[PDB]
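Chemist: Got a file for you: protein.cif, mmCIF, N, CA, C and O atoms.
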```
data_model
#
loop_
_atom_site.label_atom_id
_atom_site.label_comp_id
_atom_site.auth_asym_id
_atom_site.auth_seq_id
_atom_site.Cartn_x
_atom_site.Cartn_y
_atom_site.Cartn_z
N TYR A 1 -4.26 -5.90 16.08
CA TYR A 1 -3.00 -5.63 15.41
C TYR A 1 -3.06 -4.50 14.39
O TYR A 1 -2.06 -4.25 13.71
N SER A 2 -4.20 -3.82 14.25
CA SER A 2 -4.31 -2.77 13.25
C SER A 2 -3.55 -1.53 13.69
O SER A 2 -3.94 -0.87 14.66
N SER A 3 -2.47 -1.22 12.97
CA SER A 3 -1.81 0.07 13.17
C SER A 3 -2.59 1.19 12.49
O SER A 3 -2.74 2.28 13.05
N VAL A 4 -3.10 0.93 11.28
CA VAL A 4 -3.97 1.87 10.59
C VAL A 4 -4.61 1.16 9.40
O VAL A 4 -3.97 0.34 8.74
N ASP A 5 -5.88 1.46 9.13
CA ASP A 5 -6.56 0.93 7.95
C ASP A 5 -6.10 1.71 6.72
O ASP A 5 -6.62 2.79 6.43
N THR A 6 -5.13 1.16 5.99
CA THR A 6 -4.50 1.92 4.92
C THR A 6 -5.47 2.18 3.77
O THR A 6 -5.51 3.29 3.23
N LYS A 7 -6.26 1.17 3.40
CA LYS A 7 -7.24 1.31 2.32
C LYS A 7 -6.58 1.66 0.99
O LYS A 7 -6.57 0.85 0.06
N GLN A 8 -6.03 2.87 0.89
CA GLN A 8 -5.46 3.33 -0.37
C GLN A 8 -4.16 2.59 -0.67
O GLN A 8 -3.42 2.18 0.23
N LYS A 9 -3.90 2.41 -1.97
CA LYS A 9 -2.63 1.84 -2.42
C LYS A 9 -2.02 2.67 -3.54
O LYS A 9 -0.80 2.85 -3.59
N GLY A 10 -2.86 3.17 -4.45
CA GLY A 10 -2.37 3.96 -5.56
C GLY A 10 -2.00 5.38 -5.22
O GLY A 10 -1.36 6.05 -6.03
N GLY A 11 -2.38 5.86 -4.03
CA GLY A 11 -2.08 7.22 -3.64
C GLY A 11 -2.82 8.28 -4.41
O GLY A 11 -2.54 9.47 -4.22
N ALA A 12 -3.77 7.90 -5.26
CA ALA A 12 -4.54 8.89 -6.00
C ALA A 12 -5.41 9.69 -5.04
O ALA A 12 -5.88 9.19 -4.03
N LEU A 13 -5.60 10.96 -5.38
CA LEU A 13 -6.53 11.78 -4.61
C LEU A 13 -7.96 11.33 -4.87
O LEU A 13 -8.32 10.91 -5.97
N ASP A 14 -8.78 11.43 -3.83
CA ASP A 14 -10.17 11.01 -3.88
C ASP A 14 -11.04 12.10 -3.28
O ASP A 14 -10.55 13.00 -2.58
N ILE A 15 -12.34 12.02 -3.55
CA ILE A 15 -13.24 13.13 -3.25
C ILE A 15 -13.13 13.53 -1.79
O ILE A 15 -13.25 14.71 -1.45
N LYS A 16 -12.89 12.57 -0.90
CA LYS A 16 -12.75 12.90 0.52
C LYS A 16 -11.47 13.67 0.78
O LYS A 16 -11.49 14.75 1.38
N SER A 17 -10.33 13.14 0.34
CA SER A 17 -9.05 13.79 0.61
C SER A 17 -8.92 15.13 -0.11
O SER A 17 -8.11 15.96 0.31
N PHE A 18 -9.68 15.34 -1.18
CA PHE A 18 -9.71 16.61 -1.88
C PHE A 18 -10.83 17.51 -1.39
O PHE A 18 -10.99 18.63 -1.89
N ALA A 19 -11.61 17.04 -0.42
CA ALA A 19 -12.85 17.70 -0.02
C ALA A 19 -12.66 19.18 0.31
O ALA A 19 -13.48 20.02 -0.08
N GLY A 20 -11.58 19.52 1.02
CA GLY A 20 -11.38 20.91 1.41
C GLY A 20 -11.31 21.89 0.25
O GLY A 20 -11.69 23.05 0.40
N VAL A 21 -10.85 21.43 -0.91
CA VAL A 21 -10.67 22.35 -2.04
C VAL A 21 -12.02 22.79 -2.59
O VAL A 21 -12.20 23.96 -2.96
N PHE A 22 -12.99 21.87 -2.65
CA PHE A 22 -14.32 22.22 -3.13
C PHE A 22 -14.99 23.28 -2.26
O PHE A 22 -15.87 24.01 -2.74
N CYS A 23 -14.61 23.37 -0.98
CA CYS A 23 -15.21 24.36 -0.09
C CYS A 23 -14.91 25.79 -0.53
O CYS A 23 -15.73 26.69 -0.32
N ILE A 24 -13.76 26.02 -1.17
CA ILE A 24 -13.46 27.36 -1.68
C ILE A 24 -14.44 27.75 -2.78
O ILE A 24 -14.98 28.86 -2.78
N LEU A 25 -14.69 26.85 -3.72
CA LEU A 25 -15.66 27.15 -4.78
C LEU A 25 -17.07 27.27 -4.22
O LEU A 25 -17.84 28.12 -4.67
N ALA A 26 -17.43 26.42 -3.26
CA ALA A 26 -18.74 26.56 -2.61
C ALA A 26 -18.90 27.93 -1.96
O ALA A 26 -19.94 28.58 -2.11
N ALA A 27 -17.88 28.37 -1.22
CA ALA A 27 -17.93 29.70 -0.61
C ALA A 27 -18.02 30.81 -1.65
O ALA A 27 -18.75 31.79 -1.46
N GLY A 28 -17.30 30.68 -2.76
CA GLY A 28 -17.42 31.66 -3.82
C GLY A 28 -18.80 31.71 -4.44
O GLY A 28 -19.35 32.79 -4.67
N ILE A 29 -19.41 30.55 -4.65
CA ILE A 29 -20.78 30.48 -5.15
C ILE A 29 -21.73 31.16 -4.17
O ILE A 29 -22.53 32.02 -4.56
N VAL A 30 -21.66 30.79 -2.90
CA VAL A 30 -22.55 31.37 -1.89
C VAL A 30 -22.40 32.88 -1.84
O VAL A 30 -23.39 33.62 -1.88
N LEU A 31 -21.17 33.37 -1.73
CA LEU A 31 -20.94 34.80 -1.60
C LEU A 31 -21.39 35.57 -2.84
O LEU A 31 -21.96 36.66 -2.73
N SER A 32 -21.12 35.04 -4.04
CA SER A 32 -21.59 35.70 -5.25
C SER A 32 -23.11 35.69 -5.37
O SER A 32 -23.70 36.68 -5.84
N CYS A 33 -23.78 34.63 -4.91
CA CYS A 33 -25.23 34.66 -4.83
C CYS A 33 -25.73 35.73 -3.86
O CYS A 33 -26.71 36.42 -4.15
N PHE A 34 -25.09 35.86 -2.70
CA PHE A 34 -25.49 36.91 -1.76
C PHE A 34 -25.27 38.31 -2.33
O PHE A 34 -26.09 39.21 -2.12
N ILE A 35 -24.16 38.52 -3.04
CA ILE A 35 -23.94 39.80 -3.72
C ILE A 35 -25.02 40.06 -4.77
O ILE A 35 -25.51 41.19 -4.91
N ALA A 36 -25.40 39.03 -5.53
CA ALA A 36 -26.50 39.19 -6.49
C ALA A 36 -27.82 39.50 -5.79
O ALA A 36 -28.61 40.31 -6.28
N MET A 37 -28.07 38.88 -4.64
CA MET A 37 -29.24 39.22 -3.84
C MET A 37 -29.22 40.68 -3.40
O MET A 37 -30.24 41.37 -3.46
N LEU A 38 -28.07 41.15 -2.92
CA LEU A 38 -27.96 42.53 -2.46
C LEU A 38 -28.18 43.53 -3.60
O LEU A 38 -28.87 44.54 -3.41
N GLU A 39 -27.63 43.26 -4.78
CA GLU A 39 -27.93 44.11 -5.93
C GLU A 39 -29.39 44.03 -6.35
O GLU A 39 -30.00 45.05 -6.69
N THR A 40 -29.98 42.83 -6.38
CA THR A 40 -31.39 42.69 -6.73
C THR A 40 -32.30 43.41 -5.74
O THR A 40 -33.35 43.94 -6.14
N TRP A 41 -31.93 43.43 -4.46
CA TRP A 41 -32.64 44.24 -3.48
C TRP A 41 -32.47 45.73 -3.72
O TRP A 41 -33.45 46.48 -3.76
N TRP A 42 -31.23 46.20 -3.90
CA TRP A 42 -31.03 47.64 -4.05
C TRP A 42 -31.65 48.16 -5.34
O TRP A 42 -32.06 49.33 -5.39
N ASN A 43 -31.74 47.33 -6.38
CA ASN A 43 -32.48 47.70 -7.58
C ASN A 43 -33.94 48.05 -7.31
O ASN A 43 -34.59 48.62 -8.20
N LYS A 44 -34.47 47.74 -6.13
CA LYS A 44 -35.78 48.24 -5.73
C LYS A 44 -35.75 49.66 -5.20
O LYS A 44 -36.82 50.24 -4.98
N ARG A 45 -34.57 50.24 -4.98
CA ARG A 45 -34.45 51.55 -4.35
C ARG A 45 -33.55 52.52 -5.11
O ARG A 45 -33.60 53.72 -4.82
N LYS A 46 -32.74 52.04 -6.05
CA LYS A 46 -31.88 52.94 -6.82
C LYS A 46 -32.70 54.00 -7.55
O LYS A 46 -32.29 55.16 -7.63
N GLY A 47 -33.86 53.62 -8.09
CA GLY A 47 -34.62 54.48 -8.95
C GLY A 47 -34.14 54.54 -10.38
O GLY A 47 -34.90 54.94 -11.27
N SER A 48 -32.89 54.16 -10.64
CA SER A 48 -32.36 54.06 -11.99
C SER A 48 -31.36 52.92 -12.03
O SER A 48 -30.75 52.58 -11.01
N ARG A 49 -31.19 52.33 -13.21
CA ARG A 49 -30.41 51.10 -13.34
C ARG A 49 -29.56 51.13 -14.61
O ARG A 49 -30.08 51.14 -15.73
N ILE B 1 9.61 -51.55 -3.72
CA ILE B 1 10.24 -50.27 -3.43
C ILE B 1 9.45 -49.17 -4.11
O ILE B 1 9.02 -49.31 -5.26
N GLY B 2 9.27 -48.06 -3.39
CA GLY B 2 8.71 -46.84 -3.95
C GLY B 2 9.75 -45.74 -3.96
O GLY B 2 10.45 -45.53 -2.98
N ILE B 3 9.83 -45.04 -5.09
CA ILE B 3 10.87 -44.03 -5.28
C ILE B 3 10.35 -42.94 -6.21
O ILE B 3 10.06 -43.19 -7.38
N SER B 4 10.22 -41.73 -5.67
CA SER B 4 9.72 -40.59 -6.43
C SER B 4 9.91 -39.32 -5.60
O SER B 4 10.64 -39.33 -4.60
N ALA B 5 9.27 -38.23 -6.00
CA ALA B 5 9.22 -37.03 -5.17
C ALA B 5 8.22 -37.22 -4.03
O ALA B 5 7.34 -36.38 -3.83
N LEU B 6 8.36 -38.31 -3.29
CA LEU B 6 7.39 -38.69 -2.26
C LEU B 6 7.80 -38.07 -0.93
O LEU B 6 8.75 -38.51 -0.28
N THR B 7 7.09 -37.02 -0.52
CA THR B 7 7.38 -36.35 0.74
C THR B 7 6.96 -37.23 1.92
O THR B 7 5.88 -37.82 1.92
N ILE B 8 7.83 -37.31 2.93
CA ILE B 8 7.51 -38.03 4.15
C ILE B 8 6.45 -37.26 4.93
O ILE B 8 6.59 -36.06 5.17
N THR B 9 5.38 -37.95 5.32
CA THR B 9 4.31 -37.37 6.11
C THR B 9 3.80 -38.39 7.12
O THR B 9 3.86 -39.60 6.86
N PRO B 10 3.30 -37.94 8.27
CA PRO B 10 2.88 -38.91 9.31
C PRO B 10 1.83 -39.90 8.84
O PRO B 10 1.90 -41.08 9.22
N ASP B 11 0.87 -39.47 8.03
CA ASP B 11 -0.20 -40.37 7.61
C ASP B 11 0.34 -41.50 6.74
O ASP B 11 0.03 -42.67 6.97
N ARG B 12 1.16 -41.16 5.74
CA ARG B 12 1.80 -42.20 4.94
C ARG B 12 2.65 -43.11 5.81
O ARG B 12 2.71 -44.33 5.58
N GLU B 13 3.31 -42.55 6.82
CA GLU B 13 4.16 -43.31 7.72
C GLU B 13 3.38 -44.29 8.59
O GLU B 13 4.00 -45.14 9.24
N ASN B 14 2.05 -44.22 8.60
CA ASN B 14 1.24 -45.28 9.19
C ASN B 14 1.07 -46.49 8.28
O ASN B 14 0.61 -47.53 8.76
N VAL B 15 1.43 -46.39 7.00
CA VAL B 15 1.15 -47.46 6.05
C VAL B 15 2.40 -47.87 5.28
O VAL B 15 2.41 -48.90 4.60
N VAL B 16 3.47 -47.07 5.39
CA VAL B 16 4.74 -47.40 4.76
C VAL B 16 5.89 -47.02 5.68
O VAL B 16 5.73 -46.25 6.63
N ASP B 17 7.06 -47.58 5.40
CA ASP B 17 8.29 -47.26 6.10
C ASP B 17 9.19 -46.41 5.22
O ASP B 17 9.37 -46.70 4.03
N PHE B 18 9.75 -45.35 5.80
CA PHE B 18 10.60 -44.41 5.09
C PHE B 18 12.05 -44.54 5.54
O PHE B 18 12.32 -44.72 6.73
N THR B 19 12.97 -44.45 4.59
CA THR B 19 14.39 -44.34 4.90
C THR B 19 14.74 -42.91 5.30
O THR B 19 13.91 -41.99 5.23
N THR B 20 15.98 -42.72 5.73
CA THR B 20 16.48 -41.38 6.02
C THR B 20 16.31 -40.48 4.81
O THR B 20 16.56 -40.89 3.67
N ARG B 21 15.88 -39.25 5.05
CA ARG B 21 15.69 -38.30 3.96
C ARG B 21 17.04 -37.87 3.41
O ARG B 21 17.96 -37.56 4.16
N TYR B 22 17.15 -37.85 2.08
CA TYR B 22 18.38 -37.44 1.41
C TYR B 22 18.30 -36.05 0.77
O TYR B 22 19.35 -35.51 0.39
N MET B 23 17.12 -35.46 0.65
CA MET B 23 16.98 -34.13 0.07
C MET B 23 15.90 -33.37 0.82
O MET B 23 14.82 -33.90 1.08
N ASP B 24 16.20 -32.12 1.17
CA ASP B 24 15.30 -31.30 1.98
C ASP B 24 14.18 -30.70 1.14
O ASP B 24 14.41 -30.21 0.03
N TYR B 25 12.97 -30.73 1.69
CA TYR B 25 11.81 -30.11 1.07
C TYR B 25 11.80 -28.61 1.32
O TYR B 25 12.37 -28.12 2.31
N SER B 26 11.15 -27.87 0.43
CA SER B 26 11.00 -26.43 0.60
C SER B 26 9.90 -25.91 -0.32
O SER B 26 9.61 -26.52 -1.35
N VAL B 27 9.31 -24.78 0.06
CA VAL B 27 8.27 -24.11 -0.72
C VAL B 27 8.85 -22.83 -1.31
O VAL B 27 9.53 -22.07 -0.61
N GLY B 28 8.60 -22.60 -2.60
CA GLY B 28 9.17 -21.45 -3.28
C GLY B 28 8.32 -20.89 -4.41
O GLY B 28 7.18 -21.32 -4.61
N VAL B 29 8.87 -19.93 -5.15
CA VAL B 29 8.11 -19.09 -6.08
C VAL B 29 8.86 -19.01 -7.41
O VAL B 29 10.09 -18.90 -7.43
N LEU B 30 8.11 -19.08 -8.51
CA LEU B 30 8.61 -18.75 -9.84
C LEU B 30 8.07 -17.41 -10.31
O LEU B 30 6.85 -17.20 -10.31
N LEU B 31 8.96 -16.51 -10.71
CA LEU B 31 8.58 -15.19 -11.22
C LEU B 31 9.29 -14.93 -12.55
O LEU B 31 10.36 -15.49 -12.82
N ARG B 32 8.67 -14.09 -13.38
CA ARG B 32 9.35 -13.51 -14.54
C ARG B 32 10.14 -12.27 -14.14
O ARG B 32 9.73 -11.51 -13.25
N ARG B 33 11.25 -12.04 -14.84
CA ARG B 33 12.10 -10.89 -14.53
C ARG B 33 11.33 -9.59 -14.69
O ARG B 33 10.47 -9.45 -15.56
N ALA B 34 11.65 -8.63 -13.82
CA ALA B 34 10.80 -7.47 -13.58
C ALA B 34 10.69 -6.60 -14.83
O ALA B 34 11.64 -5.92 -15.21
N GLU B 35 9.52 -6.63 -15.47
CA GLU B 35 9.17 -5.68 -16.52
C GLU B 35 8.70 -4.39 -15.85
O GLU B 35 7.51 -4.15 -15.62
N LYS B 36 9.67 -3.53 -15.52
CA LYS B 36 9.39 -2.26 -14.86
C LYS B 36 8.80 -1.23 -15.82
O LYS B 36 8.78 -0.04 -15.52
N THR B 37 8.31 -1.68 -16.97
CA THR B 37 7.71 -0.77 -17.94
C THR B 37 6.56 0.00 -17.30
O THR B 37 5.69 -0.58 -16.65
N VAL B 38 6.57 1.32 -17.50
CA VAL B 38 5.52 2.17 -16.96
C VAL B 38 4.17 1.77 -17.55
O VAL B 38 4.07 1.39 -18.73
N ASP B 39 3.13 1.84 -16.73
CA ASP B 39 1.78 1.54 -17.19
C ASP B 39 1.44 2.40 -18.40
O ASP B 39 1.75 3.59 -18.45
N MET B 40 0.79 1.77 -19.38
CA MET B 40 0.41 2.47 -20.61
C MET B 40 -0.33 3.77 -20.32
O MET B 40 -0.22 4.73 -21.10
N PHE B 41 -1.07 3.84 -19.22
CA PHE B 41 -1.86 5.02 -18.87
C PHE B 41 -1.41 5.66 -17.56
O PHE B 41 -2.22 6.29 -16.87
N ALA B 42 -0.13 5.50 -17.21
CA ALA B 42 0.38 6.07 -15.97
C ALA B 42 0.12 7.57 -15.86
O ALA B 42 -0.05 8.09 -14.75
N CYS B 43 0.08 8.28 -16.99
CA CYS B 43 -0.20 9.71 -16.97
C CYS B 43 -1.55 10.05 -16.35
O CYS B 43 -1.74 11.20 -15.94
N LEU B 44 -2.48 9.11 -16.27
CA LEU B 44 -3.78 9.38 -15.66
C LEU B 44 -3.83 9.01 -14.18
O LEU B 44 -4.87 9.22 -13.55
N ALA B 45 -2.74 8.48 -13.62
CA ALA B 45 -2.75 8.07 -12.23
C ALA B 45 -3.00 9.21 -11.23
O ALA B 45 -3.60 8.93 -10.17
N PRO B 46 -2.60 10.46 -11.47
CA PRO B 46 -2.65 11.46 -10.39
C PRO B 46 -4.00 11.63 -9.71
O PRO B 46 -4.03 11.91 -8.51
N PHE B 47 -5.11 11.48 -10.43
CA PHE B 47 -6.43 11.61 -9.84
C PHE B 47 -7.23 10.32 -9.99
O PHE B 47 -7.08 9.59 -10.98
N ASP B 48 -8.07 10.05 -8.99
CA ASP B 48 -8.94 8.89 -9.03
C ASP B 48 -9.93 8.99 -10.19
O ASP B 48 -10.36 10.08 -10.58
N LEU B 49 -10.28 7.83 -10.74
CA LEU B 49 -11.14 7.76 -11.92
C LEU B 49 -12.51 8.39 -11.71
O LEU B 49 -13.15 8.80 -12.69
#
```
Render the structure in this file as structure tokens.
Modeler:
Amino acid sequence: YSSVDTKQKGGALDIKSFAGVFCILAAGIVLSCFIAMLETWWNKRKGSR
Amino acid sequence: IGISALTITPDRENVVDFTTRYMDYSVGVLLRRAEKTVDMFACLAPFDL
């Protein structure tokens, strides 16, 4: 007879239902780390800083 | 003679005789009138704790 396991009652957002939003910050962290890696690499070849 | 809020039931009817029922039995609920007052901390409901 289960139409759906409702579980929630208060309708508050929870880490799972909000999960997609954290992925934007994760992607920003990853990409900014890669940019820092690319600058740290090129600092071996610029000759001046 | 026995006279009270004595509900007729088959088991008792094995040991006593019942007259015609004069008042119908029913199951019900007592509630206080709806205090629709907003929760003291309703402002924190939007996100899970």
Chemist: Write out as a list in words the set of residues from chain A that DSSP, computed on the backbone, places in alpha helix (DSSP H).
Modeler: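 Selecting the alpha helix (DSSP H) positions of chain A gives residues 19, 20, 21, 22, 23, 24, 25, 26, 27, 28, 29, 30, 31, 32, 33, 34, 35, 36, 37, 38, 39, 40, 41 and 42 of chain A.
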Chemist: I need the residue set behind the PyMOL selection byres ((chain A) within 7 of (chain B)) for this file; please write it as a PDB file with N, CA, C and O atoms, keeping the file's coordinate frame.
Modeler:
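See out32.pdb below for the written result:
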```pdb
ATOM      1  N   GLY A  10      -2.860   3.170  -4.450  1.00  0.00           N
ATOM      2  CA  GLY A  10      -2.370   3.960  -5.560  1.00  0.00           C
ATOM      3  C   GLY A  10      -2.000   5.380  -5.220  1.00  0.00           C
ATOM      4  O   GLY A  10      -1.360   6.050  -6.030  1.00  0.00           O
ATOM      5  N   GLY A  11      -2.380   5.860  -4.030  1.00  0.00           N
ATOM      6  CA  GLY A  11      -2.080   7.220  -3.640  1.00  0.00           C
ATOM      7  C   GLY A  11      -2.820   8.280  -4.410  1.00  0.00           C
ATOM      8  O   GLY A  11      -2.540   9.470  -4.220  1.00  0.00           O
ATOM      9  N   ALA A  12      -3.770   7.900  -5.260  1.00  0.00           N
ATOM     10  CA  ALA A  12      -4.540   8.890  -6.000  1.00  0.00           C
ATOM     11  C   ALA A  12      -5.410   9.690  -5.040  1.00  0.00           C
ATOM     12  O   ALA A  12      -5.880   9.190  -4.030  1.00  0.00           O
ATOM     13  N   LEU A  13      -5.600  10.960  -5.380  1.00  0.00           N
ATOM     14  CA  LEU A  13      -6.530  11.780  -4.610  1.00  0.00           C
ATOM     15  C   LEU A  13      -7.960  11.330  -4.870  1.00  0.00           C
ATOM     16  O   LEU A  13      -8.320  10.910  -5.970  1.00  0.00           O
ATOM     17  N   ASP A  14      -8.780  11.430  -3.830  1.00  0.00           N
ATOM     18  CA  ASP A  14     -10.170  11.010  -3.880  1.00  0.00           C
ATOM     19  C   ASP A  14     -11.040  12.100  -3.280  1.00  0.00           C
ATOM     20  O   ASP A  14     -10.550  13.000  -2.580  1.00  0.00           O
TER      21      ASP A  14
END
```
Chemist: Which value, in Å to one decimal, gives the distance between atom C of residue 29 (chain A) and atom N of residue 41 (chain A)?
Modeler: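 Calculated distance between atom C of residue 29 (chain A) and atom N of residue 41 (chain A) is 16.0 Å.
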Chemist: Of the candidates B:42, B:19, B:32, B:25, which shows the shortest atom-to-atom distance to residue 7 (chain B), using only C-alpha atoms?
Modeler: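 When distances to residue 7 (chain B) are compared using only C-alpha atoms, the smallest one comes from B:25.
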Chemist: Record the distance separating atom C of residue 49 (chain A) and atom O of residue 36 (chain A), expressed in Å with one decimal.
Modeler: 13.7 Å
Chemist: Kindly list the centre and edge lengths in Å, rounded to one decimal, for the axis-aligned box that covers all listed atoms of region 32-45 of chain B plus 5 Å on each of its six sides, as JSON.
Modeler:
```
{"center_x": 3.6, "center_y": -1.4, "center_z": -15.6, "size_x": 27.0, "size_y": 35.3, "size_z": 20.9}
```
